[PDB]
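Contents: one structure, followed by commentary.
Values in this text are rule-based calculations from the coordinates and carry no lab data. Cβ placement follows ideal geometry from the backbone for every residue including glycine, while neighbour counts extend to all protein chains displayed.
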Amino acid sequence: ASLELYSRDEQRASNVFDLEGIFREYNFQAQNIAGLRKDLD
Amino acid sequence: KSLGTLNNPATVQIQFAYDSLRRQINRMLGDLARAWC
Amino acid sequence: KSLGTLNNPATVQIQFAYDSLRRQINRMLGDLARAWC
């Protein structure tokens with residue numbers, strides 16, 4: 001039989017710092033700010 | 001969709017060790033049985 | 001405190017292969033010894 005202790009997802013989820021969450025939200029906020037600062041029609 | 005590969009490159013080699021040792025022992029038993037006959 | 005698990009899922013399966021092959025060979029030796037007796 002085929003067995004494994006820690007799967008790929010388990011090792012990926014064992015990180016406190018979520019890079020995807022940090023950068024996606026930061027870029028979203030800056031893009032929204034650049035709209036009001038400029039002509040938002 | 002995709003097939004769920006597991007990062008265990010040792011299972012295939014363990015199977016070969018058991019399979020290889022099984023083939024030779026069974027051949028020795030057949031040779032011994034003929035002599036006893 | 002915690003127990004120090006090692007990421008080696010192959011040690012348990014190697015032990016089974018040795019243990020399984022040991023059990024059958026020892027049974028064959030016992031059967032052969034009875035016939036020789």
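Filter chain C down to residues that are more than 13 Å from chain B (Cβ to nearest Cβ) and assigned to a loop (DSSP other than H, G, I, E, B), then give me how many there are.
7
Just one of (1) under 13 Å from the mean Cα position of the chain (by Cα); (2) within 30 Å of B:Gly4 (Cα to Cα) trips up A:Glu25, so point out which.
Tallying (1) under 13 Å from the mean Cα position of the chain (by Cα); (2) within 30 Å of B:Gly4 (Cα to Cα), A:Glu25 fails exactly one: (2).
Is it true that some residue in the range A:14-22 is assigned to a helix (DSSP H, G or I), among the β-branched types (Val, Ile, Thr) and within 19 Å of the chain's Cα centre (by Cα)?
yes
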